[PDB]
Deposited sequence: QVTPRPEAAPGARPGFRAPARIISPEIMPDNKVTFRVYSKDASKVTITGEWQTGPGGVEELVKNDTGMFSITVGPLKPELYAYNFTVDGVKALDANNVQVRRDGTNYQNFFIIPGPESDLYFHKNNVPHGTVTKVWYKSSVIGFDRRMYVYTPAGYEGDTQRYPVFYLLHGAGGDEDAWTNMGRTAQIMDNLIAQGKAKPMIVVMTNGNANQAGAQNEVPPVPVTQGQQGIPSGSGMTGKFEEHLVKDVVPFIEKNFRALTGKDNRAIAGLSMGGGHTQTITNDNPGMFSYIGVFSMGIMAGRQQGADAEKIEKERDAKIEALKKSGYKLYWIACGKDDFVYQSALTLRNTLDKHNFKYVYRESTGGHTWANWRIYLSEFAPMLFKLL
């Protein structure tokens, strides 16, 4: 009866909320300028509030309403994402920039496995999500592995939920742009066993997540999945806190990962310089640093680049528009995954 959102042929979008009781309904969405750019829906004499925005550029946009001061989702939009405790609706405006984010019915789909594993380092069993490429099942081929790490507030569900990882990977692999690969999405919060929407706090520290990834996660993946081994078949990337984890893991384990991505994160000694020298000599194939110009971490990411320059350590830097957002992290995944497990 009520279509919301209704995406129009010019990429305007109409949202609708029914209530004869409500005084004020606003919408907060990712196309807006900022908090001051919250938009008010217009009420008509039938009780229907509506607003049309845009045209919007192709992207995935999250939103919610506020009804007389209370957050409310769009009950007519089945698309709902979760960022920690923050649920929002979303929609995807079609076009070049968003095409990888769609779940396409004409594309083979990889499995997403929610698997538990023992952790010698952390001391209790934990959950991770593992993506395997389409056609993994029923064959004997083995695949390289990409460890993909979230930031503070996230969990092992975030990269698929917020980051559209299954769609991005299904589409990149089907398009021949990225090699078929296993993608391992850990919970980076060493005090947690799994995502807070499903797993309660553990009844009862520094470096433990990083140590456990190397000592617990990697061996479990290589034992229980058809994984190629060795540095040239391992990639690791992470955003913010997880980009710090990525640095710590690779700095402490030179020669374990040949493809390294640091998203929206910068620097965290004689030990630091020694570890850069060892990593420099480790035969790595790609060190990729991506950051938005407007991110608060920008200067720290420059410091990271300068610290690597000091050692004549080769990296590739991708500066993007915008800031510390899942929109940027989706873009970074989309660009980094095609680089992996290739030589040149």
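- Gaps between the deposited sequence and the modelled coordinates occur at 1 to 20, 225 to 236, 301 to 312, listed in sequence order.
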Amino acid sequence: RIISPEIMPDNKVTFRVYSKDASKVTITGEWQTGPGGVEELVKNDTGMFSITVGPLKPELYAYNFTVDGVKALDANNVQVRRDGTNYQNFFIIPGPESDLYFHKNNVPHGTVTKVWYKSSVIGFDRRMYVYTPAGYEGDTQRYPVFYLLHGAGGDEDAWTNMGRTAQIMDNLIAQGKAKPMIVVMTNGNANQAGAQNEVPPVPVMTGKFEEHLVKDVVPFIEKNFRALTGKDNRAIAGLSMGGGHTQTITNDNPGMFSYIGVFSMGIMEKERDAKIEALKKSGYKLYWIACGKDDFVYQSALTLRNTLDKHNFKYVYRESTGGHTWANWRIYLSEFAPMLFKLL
From here on, numbers count along this sequence of modelled residues.
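- Here the stretch with the larger average CA B-factor, out of 138 to 146 and 176 to 184, is 138 to 146.
- Higher mean CA temperature factor between 333 to 341 and 2 to 10: 2 to 10, per the PDB entry.
- Per the deposited coordinates, the residue with the largest Cα temperature factor out of 163, 110, 84, 203 is 203.
- Residue-level inspection of the entry shows that, of 170, 74, 273, 157, 273 has the top Cα B-factor.
- In the PDB entry, a CA B factor belonging to the lowest third of its chain's modelled residues is recorded for residue 127.
- Annotation for residue 258: C-alpha temperature factor in the middle third relative to the rest of the modelled chain, per the entry.
- In this PDB entry, residue 208 carries a Cα temperature factor that places it within the highest third of its chain's modelled residues.
- Per the PDB record, residue ranking by Cα B-factor puts residue 277 in the highest third of the chain.
- Residue 308: CA B factor lies in the highest third for its chain, per the PDB record.
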